[PDB]
Amino acid sequence: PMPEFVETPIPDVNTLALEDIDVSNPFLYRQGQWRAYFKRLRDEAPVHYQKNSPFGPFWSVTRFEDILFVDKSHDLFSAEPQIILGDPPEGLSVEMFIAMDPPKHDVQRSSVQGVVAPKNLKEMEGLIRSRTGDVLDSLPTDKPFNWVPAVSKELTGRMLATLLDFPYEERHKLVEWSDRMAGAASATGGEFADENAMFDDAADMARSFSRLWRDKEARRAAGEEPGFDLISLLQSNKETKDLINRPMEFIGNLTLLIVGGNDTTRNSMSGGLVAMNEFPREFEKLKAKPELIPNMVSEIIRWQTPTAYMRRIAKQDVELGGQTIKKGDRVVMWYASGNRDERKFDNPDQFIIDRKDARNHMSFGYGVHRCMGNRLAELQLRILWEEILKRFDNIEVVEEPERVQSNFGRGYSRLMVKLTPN
Ligand code: HEM
Ligand SMILES: CCCCCCCCCCCC(=O)O
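Every position in the sequence shown, counted from 1, becomes a number in PDB author numbering once 51 is added.
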């Protein structure tokens with residue numbers, strides 16, 4: 052059983068020899084050391100091998116251009132068998148096409164991609180906007196409140212339910228299951244170290260998803276209008292009508308969807324407020340020119356980088372950054388560093404809503420695995436800020452945010468916000 056990660060003070064990077072820089076530490080983000088640690092790696096060892104880590108030996112690729120190459124080169128770097136830095140609880144490795152190489156990756160992704168196709172998103176836009184306005188209206192305006200459960204987690208759970216047509220009153224289950232899987236100490240240095248609960252969740256999820264498939268099939272056989280959820284789409288296409296007969300594909304694809312959209316959406320929604328707090332001239336610029344919302348959504352996603360990395364394994368020896376990556380080595384593409392690389396972005400650490408190249412961010416990765424839900428993610432953020440401008444003249448963070456323990460998700464568990472209506 053992987054032991055629990057206990058927080059200790061992270062020293063300055065200059066106190067360390069290059070070979071001893073270990074960025075797998077899941078408290079780097081919380082302690083505000085990630086920026087300096089990744090800068091030193093970009094400047095002095097952009098392709099860096101760490102031989103001593105709790106998750107095992109690994110390479111760190113930290114420059115924007117080098118990450119691009121690795122992410123795009125599925126001929127040289129495999130996404131199998133996992134894309135988190137460590138390993139899952141033995142027996143609890145779920146099959147997900149995010150950790151699959153072409154050509155199977157392509158078959159499975161194509162079988163679900165229609166759920167976030169633009170025509171499908173347009174039909175979801177009104178429900179997303181309704182819920183966003185209802186949630187914002189319900190918020191207190193005379194006192195600070197925790198934005199994380201009140202807004203980010205609330206809207207994300209509703210969205211995950213809509214994607215699977217999951218019972219709304221059980222939506223919390225999708226988040227709880229996703230949080231435990233992504234926060235496994237063995238995989239991300241997260242706080243979830245009870246493996247029995249992970250096995251319990253796996254069975255509860257297989258049963259819940261199986262019940263959902265059979266329930267939707269029955270309702271379909273009864274002539275219910277086919278919805279815009281993944282289940283309805285899967286049951287509407289010849290190749291996936293029998294998907295329940297293949298349980299690895301079924302449970303894997305559905306688990307990937309909810310984990311993929313769980314804390315990414317949550318921390319995108321919270322992170323924009325943190326960026327507004329650090330660069331409040333950005334809020335005045337936005338109020339003066341709302342047209343900049345779409346570009347600002349890209350800049351929020353660049354600055355926050357809700358998912359810090361994706362991991363690969365070298366299919367062969369590969370020369371990169373003056374180093375020889377050996378076949379079988381684990382290679383970690385640090386999006387969180389790539390997006391702060393001044394070789395691509397001027398003033399990278401600065402939140403600039405009118406940033407000309409904000410759309411060039413690598414927060415969704417690049418290559419065959421580039422985030423499938425990227426348009427829905429941008430849609431949710433665009434609606435949130437449209438509805439924020441309608442209601443509030445100012446939003447202030449009145450307390451230092453509390454940040455989540457993980458080397459994988461970059462996020463906030465507590466964000467105290469004071470709203471000023473207009
Ligand atoms: C800003 C929000 C989001 C972030 C930061 C994010 C992050 C990522 C990243 C980094 C990847 C892999 C990139 C790569 O390896 O090159 C990915 C893939 C994926 N994401 Fe997201 N994502 C977001 C939104 C969403 C949402 C809302 C969903 C669900 C609706 C989703 C579902 C997926 C799926 C299914 C994949 C696998 C695609 C594949 O492997 O072919 N994403 N995401
Ligand atoms: C414990 C092994 C599984 C870890 C969680 C699944 C992998 C992450 C999938 C979501 C990707 C993302 O959110 O960017």
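The beta carbon of each residue, even a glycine, is placed where N, CA and C say it ideally should be.
6 Å Cβ shell around residue i - same chain, five flanking residues per side excluded
i: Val64; result: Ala87, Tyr88, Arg91
i: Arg180; result: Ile434
i: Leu127; result: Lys366, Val369
i: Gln374; result: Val98
Contact set for residue i: own chain, Cβ-Cβ below 7 Å, skip 5 residues either direction
i: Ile61; result: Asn76, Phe78, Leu79, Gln82, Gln84
i: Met53; result: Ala236, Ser237, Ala244
i: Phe402; result: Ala326, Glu329, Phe330, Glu333, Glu350, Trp354
i: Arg461; result: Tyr80, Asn318, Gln355, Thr356, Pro357, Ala359, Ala387
i: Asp392; result: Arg93, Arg114, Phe115, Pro399
i: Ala150; result: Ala130, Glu131, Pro132, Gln133, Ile134
i: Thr315; result: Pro357, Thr358, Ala428
i: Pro341; result: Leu440
i: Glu276; result: none
Candidates the options, of which the one nearest residue i by Cα
i: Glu146; options: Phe217, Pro54, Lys395, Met299; result: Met299
i: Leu305; options: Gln159, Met320, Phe459; result: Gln159
i: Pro345; options: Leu427, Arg317, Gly389; result: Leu427
i: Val167; options: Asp314, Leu284, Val74, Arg222; result: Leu284
i: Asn425; options: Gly311, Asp380, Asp392, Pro277; result: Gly311
i: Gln133; options: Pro169, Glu393, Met232; result: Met232
i: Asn197; options: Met320, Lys170, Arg297, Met151; result: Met320
i: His156; options: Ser457, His420, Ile439; result: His420
i: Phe56; options: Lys469, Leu470, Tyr463, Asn458; result: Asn458
i: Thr239; options: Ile135, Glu275, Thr316; result: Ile135
i: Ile72; options: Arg406, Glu95, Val449; result: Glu95
i: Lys170; options: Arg270, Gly278, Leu211, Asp152; result: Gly278
i: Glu58; options: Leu470, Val455, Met175, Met384; result: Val455
i: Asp380; options: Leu67, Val74, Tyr100, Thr66; result: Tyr100
i: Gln431; options: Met347, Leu190, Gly107, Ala409; result: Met347
i: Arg363; options: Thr66, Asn103, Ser111; result: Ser111
i: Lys292; options: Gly322, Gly303, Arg271; result: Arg271
i: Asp444; options: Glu429, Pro452, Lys469; result: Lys469
i: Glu176; options: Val449, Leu67, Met210, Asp216; result: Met210
i: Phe148; options: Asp397, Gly303, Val448; result: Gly303
i: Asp251; options: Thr192, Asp397, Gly142, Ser414; result: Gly142
i: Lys338; options: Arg442, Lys173, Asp397; result: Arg442
Distance between residue j and residue i (C-alpha atoms, nearest Å)
i: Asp188; j: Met467; result: 17 Å
i: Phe109; j: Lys204; result: 33 Å
i: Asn247; j: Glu227; result: 15 Å
i: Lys395; j: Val382; result: 21 Å
i: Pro139; j: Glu242; result: 13 Å
i: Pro472; j: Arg465; result: 22 Å
i: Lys194; j: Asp185; result: 19 Å
i: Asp230; j: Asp117; result: 30 Å
i: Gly274; j: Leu263; result: 17 Å
i: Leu69; j: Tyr417; result: 28 Å
i: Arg297; j: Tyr219; result: 26 Å
i: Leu343; j: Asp405; result: 7 Å
i: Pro105; j: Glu131; result: 20 Å
i: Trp436; j: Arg222; result: 24 Å
i: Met384; j: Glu290; result: 34 Å
i: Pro154; j: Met361; result: 19 Å
i: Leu190; j: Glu451; result: 20 Å
i: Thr183; j: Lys378; result: 48 Å
i: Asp408; j: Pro200; result: 32 Å
i: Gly322; j: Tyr463; result: 8 Å
i: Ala212; j: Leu67; result: 46 Å
i: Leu324; j: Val448; result: 8 Å
i: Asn390; j: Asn411; result: 9 Å
i: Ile352; j: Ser144; result: 29 Å
i: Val74; j: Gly137; result: 13 Å
i: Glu174; j: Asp216; result: 14 Å
Residues near residue i in its chain [Cβ-Cβ closer than 8 Å; skip 5 each side]
i: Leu214; result: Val166, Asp280, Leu281, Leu308, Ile309, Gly312
i: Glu268; result: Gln286
i: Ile295; result: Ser261, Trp264, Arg265, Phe301
i: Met423; result: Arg160, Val163, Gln164, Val167, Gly311
i: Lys102; result: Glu70, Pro108
i: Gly208; result: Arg222, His223, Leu225, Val226
i: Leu371; result: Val98, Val112, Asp117, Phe120, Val121
i: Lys336; result: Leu343, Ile404, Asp405
Closer than 6 Å: residue i CB and nearest ligand 3 heavy atom
i: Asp122; result: Of the ligands one can find in the structure shown, namely ligand 1 and ligand 2, none is ligand 3.
> Are the segment 112 to 122 and the segment 246 to 266 touching, with three or more C-beta to C-beta distances below 8 Å?
Replying inline: no
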